[PDB]
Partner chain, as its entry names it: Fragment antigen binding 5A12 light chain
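Below you will find one chain, with nothing else, as structure tokens; this is the form deposited without the partner chain, and questions on how it binds or moves follow later.
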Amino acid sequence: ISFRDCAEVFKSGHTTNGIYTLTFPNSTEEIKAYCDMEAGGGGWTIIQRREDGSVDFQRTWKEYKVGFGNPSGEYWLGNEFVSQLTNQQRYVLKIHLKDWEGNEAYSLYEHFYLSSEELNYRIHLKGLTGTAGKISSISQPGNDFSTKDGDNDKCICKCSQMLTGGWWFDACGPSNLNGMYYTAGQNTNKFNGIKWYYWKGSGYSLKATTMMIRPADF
């Protein structure tokens, strides 16, 4: 069969990590997503993952909307799907980070959702906890989503063109998990890298990241 999200997949008995087929909320169109079932309680739908620098994240508004990459590795699932889902019910957002020294951390938001494309997939976050900072690394009141061909930030600049990747930039902001991938011998001092200010700072480019969602009622 097919499911609404990875939470439905796990609750239905499929408790192993892997690619599953989700279905869009009011229709039959389907989409593949990676499900993390063996960490943090499982039932997690991965919406973004970086782990090796294999995928180019300097994509268009359209690409960020429908999603790109491969679910078996690094990818972005799709803004449209995530918007539809997160406006179905209350979802939590978990952001897991890994540095090049073997350390890890995460930020958890009690409520997360994206507005329709009409409001530029503006992000909405509430209730931060976790080990990756006391202050949210994602600007807060959420900003519109910005891309190479979509300047929707609050900067007298083009944050996406200056830092690379699509993100909810402000006057850029303390984060960008979709920035340039830098390996261990060159991840220090890089402002266009993969950053989460309140854990490793603005110059430290991370080894791996994952953004995943799961309903609050899980």
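Numbering follows the first chain given and starts at 1.
Across the two stretches, 65 to 73 and 26 to 34, the PDB entry reports the greater mean Cα temperature factor for 26 to 34.
When 16 to 24 is weighed against 205 to 213, 16 to 24 comes out higher, by mean CA B-factor as recorded in the entry. Taking the PDB entry at face value, the top CA B factor among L177, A184, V55, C172 belongs to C172. In this structure the maximum Cα B-factor among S137, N103, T131, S116 is found at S116. Ranked by Cα temperature factor within the chain, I95 sits in the lowest third according to the deposited record. The PDB entry assigns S107 a C-alpha temperature factor belonging to the lowest third of its chain's modelled residues. Sort the modelled residues of the chain by CA B factor and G42 lands in the middle third.
The PDB entry assigns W199 a C-alpha temperature factor belonging to the highest third of its chain's modelled residues. In this PDB entry, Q48 carries a Cα temperature factor that places it within the lowest third of its chain's modelled residues.
The same protein also exists as the form solved in complex with the partner chain; that form is not shown, yet it is the one meant from here on.
In summary, among the residues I46, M37, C155, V55, the only one with a non-hydrogen atom within 4.5 Å of the partner chain in the deposited complex is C155. Only one of 168 to 176, 38 to 46, 25 to 33, 55 to 63 lies within 4.5 Å of the partner chain in the deposited complex by heavy atoms, and it is 168 to 176.
Among heavy atoms of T209, none comes within 4.5 Å of the partner chain in the deposited complex. Although the partner is absent here, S202 sits close enough that one of its heavy atoms falls within 4.5 Å of the partner chain in the deposited complex.
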